[PDB]
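Peer 1: Here it is: the structure, laid out below.
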Amino acid sequence: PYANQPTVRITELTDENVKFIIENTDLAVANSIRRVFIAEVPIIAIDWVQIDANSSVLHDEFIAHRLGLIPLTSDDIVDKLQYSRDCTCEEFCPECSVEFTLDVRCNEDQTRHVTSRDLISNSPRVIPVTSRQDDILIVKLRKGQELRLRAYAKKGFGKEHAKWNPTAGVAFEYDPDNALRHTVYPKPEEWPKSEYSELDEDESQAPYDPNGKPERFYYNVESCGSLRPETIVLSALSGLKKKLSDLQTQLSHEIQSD
Amino acid sequence: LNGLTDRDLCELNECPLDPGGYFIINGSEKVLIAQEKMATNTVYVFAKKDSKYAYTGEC
Amino acid sequence: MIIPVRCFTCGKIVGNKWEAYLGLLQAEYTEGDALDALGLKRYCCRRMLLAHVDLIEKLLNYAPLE
Amino acid sequence: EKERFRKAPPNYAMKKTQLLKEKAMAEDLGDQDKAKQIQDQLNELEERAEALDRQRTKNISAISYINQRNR
Amino acid sequence: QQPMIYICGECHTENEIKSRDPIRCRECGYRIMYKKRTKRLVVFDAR
Amino acid sequence: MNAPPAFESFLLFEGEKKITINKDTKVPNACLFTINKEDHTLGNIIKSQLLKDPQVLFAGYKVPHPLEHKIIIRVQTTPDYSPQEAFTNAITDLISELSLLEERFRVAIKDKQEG
Ligand SMILES: [Zn+2]
Ligand SMILES: [Zn+2]
Ligand SMILES: [Zn+2]
């Protein structure tokens with residue numbers, strides 16, 4: 001009547017994605033961890049743009065929309081900043097936000113390519129993905145136009161908006177061989193073998209297994225560039241643990257009050 | 001804009017992709033729908049039954 | 001009108017690849033090879049470089065001044 | 001008085017100036033006037049082409065190059 | 001002391017047009033002209 | 001025009017409780033736990049963890065309406081084991097398992113880098 005002892009094994013560690021495997025765990029925990037990977041992951045992003053002079057051809061809101069989708073590295077800044085909603089001051093304080101500025105005006109004859117590199121941030125570590133591969137093209141300006149504005153970044157998670165979605169695409173998969181029969185193939189021979197399939201090329205699918213629980217969940221968390229993959233996993237685990245702790249505290253208070 | 005290069009069209013706040021062929025009355029694009037009718041100078045021999053004539057040679 | 005910043009389905013950044021895609025297509029590479037040369041595995045992110053229409057050029061043709 | 005000293009081509013009236021010059025050349029039955037108008041129209045067209053090339057030297061031209069080679 | 005500045009149609013040259021005055025540019029002379037962006041706090045949410 | 005904002009999915013409103021206990025009258029030792037501003041993330045793991053415990057006769061959640069941010073969890077244990085302590089134990093052991101999983105993942109990562 002207690003929990004289990006899951007095991008972890010990393011198969012590929014790179015600076016763009018990680019492929020780890022979790023064994024001896026329930027399917028619900030795995031799916032919840034996935035949904036947390038996608039939705040509930042603190043990360044910094046643009047959420048407040050003040051446009052002062054925009055003579056481009058696109059809409060006034062188009063600039064803000066594109067700026068909202070530009071990732072920002074937050075390897076060691078997201079854990080320090082606090083949510084703007086829970087701040088105890090006025091105006092976007094640097095202790096709970098990061099300021100940006102963009103002032104580009106096409107003067108020469110050739111057309112400008114306003115990229116993310118023009119976003120001059122006040123903080124050193126909070127910069128768009130341009131450290132170490134072109135830069136995110138914002139808009140194109142021509143001789144006579146300009147784009148002056150300044151925006152602030154705040155902490156948020158994907159559940160609020162897609163801008164705070166660090167993971168590009170999580171490849172969640174378990175039981176490569178259709179052993180638990182969770183999916184019935186009308187013609188198994190017509191389907192290809194999964195990447196993690198241990199079954200030989202002769203047999204189409206593994207035989208049935210009545211007394212068998214789902215284990216060996218495969219993951220392929222792919223970072224967009226802002227947060228590192230392993231960092232994303234650690235943040236997700238910490239956030240889920242915090243949510244459970246808060247729920248436990250609320251339940252204890254409710255029981256004591258009754 | 002008769003046989004004018006795309007350069008001028010772009011400079012005249014117009015696009016070369018516009019099909020054209022539409023009048024501008026009071027700043028509104030008016031188009032004339034092509035109406036169809038019976039061909040003239042041709043003999044038609046119908047057979048109207050809801051009348052006193054068996055055949056009618058309209059022209 | 002302009003290349004999006006991220007793929008609608010997946011979410012991977014694709015805005016910073018339009019220029020590279022055009023350059024690779026211009027040099028010698030084809031589309032089917034350039035897409036996986038840039039690093040686009042999933043087929044959902046490959047539409048952003050194939051389906052996208054670059055209409056910002058026509059808009060820039062109507063320069064306000066000079 | 002402003003247009004007297006201020007030269008005509010600057011900046012957005014290039015098409016309008018060319019149309020006016022063409023209309024003047026068509027209306028004028030003289031030979032010297034027609035030749036002068038034609039030369040002015042050709043000079044304006046060449047200047048517009050050079051300006052477009054300078055502005056469209058990058059991106060706007062590379063895109064056309066990639067499109068033609070792709071087709 | 002705001003004389004309601006405008007922007008010409010094709011010249012894109014600033015012009016000072018006051019009430020009870022014709023709508024024309026300071027030079028050449030056209031009949032089309034637009035206004036300038038407001039000076040208010042245009043603030044959007046990148047959502 | 002009437003689209004709700006994005007903070008109403010996780011943030012509590014003034015006066016709304018995060019969790020409310022309500023005893024059922026049809027069968028003994030059965031309470032419905034109603035959670036506010038949550039989704040399947042925080043109910044499916046608890047459902048499974050409760051399923052692990054043999055003393056829990058019934059366990060399962062639901063979503064009264066997808067647009068509404070609320071989930072009801074119904075638990076029914078043996079008469080000698082109240083459902084409150086069952087929920088508490090499920091949360092506690094789940095937290096312990098997640099912490100252990102995090103530690104194992106961290107050590108595996110630190111060993112993977114040059115090792
Ligand atoms: Zn603050
Ligand atoms: Zn995609
Ligand atoms: Zn005028």
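For the structure tokens, the naming scheme is as follows: chains receive sequential letters (A, B, ...) according to their order of presentation, residues are indexed from 1 within each chain, and ligands are indexed from 1 in presentation order.
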Go through the chains and note each residue within 6 Å of ligand 1, using only C-alpha atoms and all ligand atoms, then give the set as a ChimeraX atom specification.
Peer 2: /A:87,89,92-93,95-96
Peer 1: Please, could you write that set of residues out with C-alpha atoms as a PDB file, in the first residue's frame?
Peer 2:
```pdb
ATOM      1  CA  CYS A  87       4.675  40.746  -6.980  1.00  0.00           C
ATOM      2  CA  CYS A  89       5.351  46.419  -6.035  1.00  0.00           C
ATOM      3  CA  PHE A  92       7.638  45.742 -13.959  1.00  0.00           C
ATOM      4  CA  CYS A  93      10.413  45.596 -11.376  1.00  0.00           C
ATOM      5  CA  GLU A  95      13.468  41.654  -9.534  1.00  0.00           C
ATOM      6  CA  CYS A  96      10.354  40.109 -11.131  1.00  0.00           C
TER       7      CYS A  96
END
```
Peer 1: DSSP on the backbone: which residues in range 12-243 of chain A end up as helix (DSSP H, G or I)? Give the answer as an MDAnalysis selection string.
Peer 2: chainID A and resid 27:38 60:68 84:86 94:96 116:118 162:164 188:190 229:243
Peer 1: Within 10 Å of ligand 3 (counting only C-alpha atoms and all ligand atoms), which residues show up? I'd like them as a VMD selection string.
Peer 2: chain E and resid 8 to 11 13 15 22 to 33
Peer 1: Output the neighbourhood of ligand 2 as a list in words, that is, all protein and nucleic acid residues with some atom at most 9 Å from the ligand, counting only C-alpha atoms and all ligand atoms.
Peer 2: residues 168 and 169 of chain A; 6, 7, 8, 9, 10, 11, 12, 14, 40, 41, 42, 43, 44, 45, 46, 47 and 48 of chain C
Peer 1: For the selection just defined, write its residues with N, CA and C atoms to a file, as a PDB file, in the first residue's frame.
Peer 2:
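Once written, selection_37.pdb looks like this:
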```pdb
ATOM      1  N   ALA A 168       9.503  21.283 -27.527  1.00  0.00           N
ATOM      2  CA  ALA A 168       8.991  21.329 -28.891  1.00  0.00           C
ATOM      3  C   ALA A 168       8.006  20.193 -29.131  1.00  0.00           C
ATOM      4  N   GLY A 169       8.456  18.956 -28.955  1.00  0.00           N
ATOM      5  CA  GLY A 169       7.573  17.818 -29.085  1.00  0.00           C
ATOM      6  C   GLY A 169       8.066  16.629 -28.291  1.00  0.00           C
TER       7      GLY A 169
ATOM      8  N   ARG C   6       7.169  29.854 -34.789  1.00  0.00           N
ATOM      9  CA  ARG C   6       7.180  28.470 -34.340  1.00  0.00           C
ATOM     10  C   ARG C   6       6.152  27.673 -35.129  1.00  0.00           C
ATOM     11  N   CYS C   7       6.371  26.362 -35.178  1.00  0.00           N
ATOM     12  CA  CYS C   7       5.449  25.468 -35.863  1.00  0.00           C
ATOM     13  C   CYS C   7       4.155  25.344 -35.072  1.00  0.00           C
ATOM     14  N   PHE C   8       3.022  25.478 -35.766  1.00  0.00           N
ATOM     15  CA  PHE C   8       1.731  25.465 -35.085  1.00  0.00           C
ATOM     16  C   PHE C   8       1.525  24.162 -34.328  1.00  0.00           C
ATOM     17  N   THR C   9       1.841  23.034 -34.963  1.00  0.00           N
ATOM     18  CA  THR C   9       1.579  21.746 -34.337  1.00  0.00           C
ATOM     19  C   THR C   9       2.624  21.429 -33.276  1.00  0.00           C
ATOM     20  N   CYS C  10       3.883  21.305 -33.686  1.00  0.00           N
ATOM     21  CA  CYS C  10       4.952  20.940 -32.767  1.00  0.00           C
ATOM     22  C   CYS C  10       5.294  22.067 -31.802  1.00  0.00           C
ATOM     23  N   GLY C  11       5.818  23.167 -32.332  1.00  0.00           N
ATOM     24  CA  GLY C  11       6.264  24.291 -31.527  1.00  0.00           C
ATOM     25  C   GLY C  11       7.709  24.679 -31.756  1.00  0.00           C
ATOM     26  N   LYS C  12       8.470  23.878 -32.498  1.00  0.00           N
ATOM     27  CA  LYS C  12       9.870  24.173 -32.768  1.00  0.00           C
ATOM     28  C   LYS C  12      10.015  25.494 -33.515  1.00  0.00           C
ATOM     29  N   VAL C  14      10.992  27.920 -36.231  1.00  0.00           N
ATOM     30  CA  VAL C  14      11.203  27.740 -37.661  1.00  0.00           C
ATOM     31  C   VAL C  14      11.430  29.106 -38.298  1.00  0.00           C
ATOM     32  N   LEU C  40      14.854  19.246 -39.608  1.00  0.00           N
ATOM     33  CA  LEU C  40      13.407  19.078 -39.485  1.00  0.00           C
ATOM     34  C   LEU C  40      13.069  17.607 -39.704  1.00  0.00           C
ATOM     35  N   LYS C  41      12.866  16.882 -38.606  1.00  0.00           N
ATOM     36  CA  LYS C  41      12.525  15.467 -38.694  1.00  0.00           C
ATOM     37  C   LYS C  41      11.028  15.278 -38.906  1.00  0.00           C
ATOM     38  N   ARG C  42      10.218  15.805 -37.991  1.00  0.00           N
ATOM     39  CA  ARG C  42       8.775  15.611 -38.053  1.00  0.00           C
ATOM     40  C   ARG C  42       8.190  16.273 -39.294  1.00  0.00           C
ATOM     41  N   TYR C  43       7.183  15.621 -39.880  1.00  0.00           N
ATOM     42  CA  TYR C  43       6.550  16.147 -41.083  1.00  0.00           C
ATOM     43  C   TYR C  43       5.664  17.352 -40.797  1.00  0.00           C
ATOM     44  N   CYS C  44       5.312  17.593 -39.533  1.00  0.00           N
ATOM     45  CA  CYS C  44       4.450  18.729 -39.223  1.00  0.00           C
ATOM     46  C   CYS C  44       5.202  20.046 -39.337  1.00  0.00           C
ATOM     47  N   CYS C  45       6.494  20.051 -39.017  1.00  0.00           N
ATOM     48  CA  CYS C  45       7.298  21.258 -39.138  1.00  0.00           C
ATOM     49  C   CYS C  45       7.783  21.505 -40.559  1.00  0.00           C
ATOM     50  N   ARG C  46       7.659  20.522 -41.453  1.00  0.00           N
ATOM     51  CA  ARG C  46       8.147  20.702 -42.814  1.00  0.00           C
ATOM     52  C   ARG C  46       7.193  21.510 -43.676  1.00  0.00           C
ATOM     53  N   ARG C  47       5.938  21.665 -43.259  1.00  0.00           N
ATOM     54  CA  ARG C  47       5.014  22.459 -44.058  1.00  0.00           C
ATOM     55  C   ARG C  47       5.354  23.941 -43.975  1.00  0.00           C
ATOM     56  N   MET C  48       5.930  24.380 -42.850  1.00  0.00           N
ATOM     57  CA  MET C  48       6.259  25.791 -42.679  1.00  0.00           C
ATOM     58  C   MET C  48       7.231  26.295 -43.736  1.00  0.00           C
TER      59      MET C  48
END
```
Peer 1: For a quick test of understanding: name the residues of chain A lying within 6 Å of chain F when counting only C-alpha atoms, and present them as a PDB file with N, CA, C and O atoms, in the first residue's frame.
Peer 2:
```
ATOM      1  N   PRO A   1       0.815  -1.220   0.000  1.00  0.00           N
ATOM      2  CA  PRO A   1       0.000   0.000   0.000  1.00  0.00           C
ATOM      3  C   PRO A   1       0.847   1.268   0.000  1.00  0.00           C
ATOM      4  O   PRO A   1       0.546   2.212   0.730  1.00  0.00           O
ATOM      5  N   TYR A   2       1.897   1.281  -0.814  1.00  0.00           N
ATOM      6  CA  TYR A   2       2.801   2.420  -0.906  1.00  0.00           C
ATOM      7  C   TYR A   2       3.198   2.595  -2.367  1.00  0.00           C
ATOM      8  O   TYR A   2       2.634   1.963  -3.266  1.00  0.00           O
ATOM      9  N   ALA A   3       4.179   3.460  -2.605  1.00  0.00           N
ATOM     10  CA  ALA A   3       4.623   3.763  -3.957  1.00  0.00           C
ATOM     11  C   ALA A   3       5.612   2.701  -4.431  1.00  0.00           C
ATOM     12  O   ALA A   3       5.812   1.666  -3.787  1.00  0.00           O
ATOM     13  N   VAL A   8      15.757   5.032 -13.837  1.00  0.00           N
ATOM     14  CA  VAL A   8      15.973   5.922 -14.969  1.00  0.00           C
ATOM     15  C   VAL A   8      17.275   5.544 -15.657  1.00  0.00           C
ATOM     16  O   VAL A   8      18.241   5.119 -15.016  1.00  0.00           O
ATOM     17  N   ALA A  28      -0.215   6.377 -15.402  1.00  0.00           N
ATOM     18  CA  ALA A  28      -0.763   7.683 -15.052  1.00  0.00           C
ATOM     19  C   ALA A  28       0.344   8.662 -14.695  1.00  0.00           C
ATOM     20  O   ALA A  28       0.314   9.823 -15.117  1.00  0.00           O
ATOM     21  N   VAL A  29       1.329   8.212 -13.915  1.00  0.00           N
ATOM     22  CA  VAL A  29       2.434   9.086 -13.538  1.00  0.00           C
ATOM     23  C   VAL A  29       3.199   9.529 -14.775  1.00  0.00           C
ATOM     24  O   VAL A  29       3.572  10.699 -14.905  1.00  0.00           O
ATOM     25  N   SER A  32       1.120  12.084 -16.733  1.00  0.00           N
ATOM     26  CA  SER A  32       1.108  13.345 -16.002  1.00  0.00           C
ATOM     27  C   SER A  32       2.431  14.074 -16.157  1.00  0.00           C
ATOM     28  O   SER A  32       2.457  15.293 -16.349  1.00  0.00           O
ATOM     29  N   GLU A 160      -0.927  28.748 -19.496  1.00  0.00           N
ATOM     30  CA  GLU A 160      -1.452  30.089 -19.718  1.00  0.00           C
ATOM     31  C   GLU A 160      -1.432  30.453 -21.198  1.00  0.00           C
ATOM     32  O   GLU A 160      -2.422  30.965 -21.731  1.00  0.00           O
ATOM     33  N   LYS A 241       6.011  18.170  -7.655  1.00  0.00           N
ATOM     34  CA  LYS A 241       6.179  17.936  -6.226  1.00  0.00           C
ATOM     35  C   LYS A 241       5.593  19.084  -5.415  1.00  0.00           C
ATOM     36  O   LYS A 241       4.943  18.863  -4.388  1.00  0.00           O
TER      37      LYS A 241
END
```
Peer 1: Env of range 220-237 of chain A: 6 Å cut, atoms = only C-alpha atoms, seq-sep filter 6 positions within chain, self excluded. Answer as a ChimeraX atom specification.
Peer 2: /A:16-19,36-37,41,71-73,75,166-171 /C:12
Peer 1: Mind writing the picked residues with C-alpha atoms as a PDB file, in the first residue's frame?
Peer 2:
```
ATOM      1  CA  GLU A  16      19.017  19.887 -27.996  1.00  0.00           C
ATOM      2  CA  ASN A  17      17.129  16.851 -26.675  1.00  0.00           C
ATOM      3  CA  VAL A  18      17.387  13.908 -24.277  1.00  0.00           C
ATOM      4  CA  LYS A  19      16.088  10.346 -24.691  1.00  0.00           C
ATOM      5  CA  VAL A  36       3.685  18.778 -17.119  1.00  0.00           C
ATOM      6  CA  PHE A  37       6.616  18.788 -19.566  1.00  0.00           C
ATOM      7  CA  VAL A  41       7.068  24.472 -16.930  1.00  0.00           C
ATOM      8  CA  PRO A  71      12.379  32.087 -26.861  1.00  0.00           C
ATOM      9  CA  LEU A  72      14.584  33.414 -24.077  1.00  0.00           C
ATOM     10  CA  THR A  73      17.220  31.408 -22.231  1.00  0.00           C
ATOM     11  CA  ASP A  75      18.834  28.368 -17.284  1.00  0.00           C
ATOM     12  CA  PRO A 166       9.679  25.097 -23.850  1.00  0.00           C
ATOM     13  CA  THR A 167       9.348  21.532 -25.120  1.00  0.00           C
ATOM     14  CA  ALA A 168       8.991  21.329 -28.891  1.00  0.00           C
ATOM     15  CA  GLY A 169       7.573  17.818 -29.085  1.00  0.00           C
ATOM     16  CA  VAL A 170       7.626  15.038 -26.499  1.00  0.00           C
ATOM     17  CA  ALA A 171       7.780  11.567 -28.058  1.00  0.00           C
TER      18      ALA A 171
ATOM     19  CA  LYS C  12       9.870  24.173 -32.768  1.00  0.00           C
TER      20      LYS C  12
END
```
Peer 1: Could you name the residues that touch residue 17 in chain D at 12 Å or less, counting only C-alpha atoms, but leaving out those on the same chain fewer than 2 positions away, as a count of residues only?
Peer 2: 27
Peer 1: Under the rule of at most 8 Å, produce a per-residue listing of chain A near chain D: chain, number, name, the closest pair of atoms, and the distance in Å, as CSV, using only C-alpha atoms.
Peer 2:
```
residue,atom,partner,partner_atom,distance
A:109,CA,D:55,CA,5.1
A:110,CA,D:55,CA,4.6
A:111,CA,D:55,CA,6.6
```
Peer 1: With N, CA, C and O atoms retained, could you export that selection as a CSV table (one decimal), in the first residue's frame?
Peer 2:
```csv
chain,number,residue,atom,x,y,z
A,109,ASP,N,19.9,51.9,-48.5
A,109,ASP,CA,19.0,51.6,-49.6
A,109,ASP,C,18.5,50.2,-49.5
A,109,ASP,O,17.3,49.9,-49.8
A,110,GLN,N,19.3,49.2,-49.1
A,110,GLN,CA,18.9,47.9,-49.0
A,110,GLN,C,17.9,47.6,-47.8
A,110,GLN,O,17.9,48.4,-46.8
A,111,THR,N,17.1,46.6,-48.0
A,111,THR,CA,16.1,46.3,-47.0
A,111,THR,C,16.7,45.7,-45.7
A,111,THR,O,17.6,44.8,-45.8
```
Peer 1: Would you mind listing what lies within 12 Å of residue 79 in chain F as a PyMOL selection string, with only C-alpha atoms counted and same-chain residues fewer than 5 positions away left out?
Peer 2: chain F and resi 27-30+55-57
Peer 1: Please provide as a ChimeraX atom specification all residues within 9 Å of residue 63 in chain C, with the sequence filter that same-chain residues fewer than 5 positions apart are discarded (counting only C-alpha atoms).
Peer 2: /A:142-145 /B:10-11 /D:12
Peer 1: Select all residues from chain C having any atom no more than 8 Å from an atom of chain A (counting only C-alpha atoms, ignoring ligands), output as a PyMOL selection string.
Peer 2: chain C and resi 2+4-6+10-13+15-17+19-20+56+59-60+63-66
Peer 1: Tell me, as number ranges by chain, which residues lie within 10 Å of residue 52 in chain A, counting only C-alpha atoms; anything in the same chain fewer than 4 positions away does not count.
Peer 2: A: 147-150; E: 37-43
Peer 1: Any idea what the distance is between CA of residue 21 in chain A and CA of residue 180 in chain A?
Peer 2: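 Here the two named atoms are 18.6 Å from each other.
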Peer 1: Provide the CA of residue 177 in chain A to CA of residue 39 in chain C distance in Å, to one decimal place.
Peer 2: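 Spanning CA of residue 177 in chain A to CA of residue 39 in chain C is a straight-line distance of 28.4 Å.
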Peer 1: Identify every residue of chain C that has at least one atom within 12 Å of any atom of chain D, counting only C-alpha atoms, and report the result as a PyMOL selection string.
Peer 2: chain C and resi 18-19+21-31+53-66
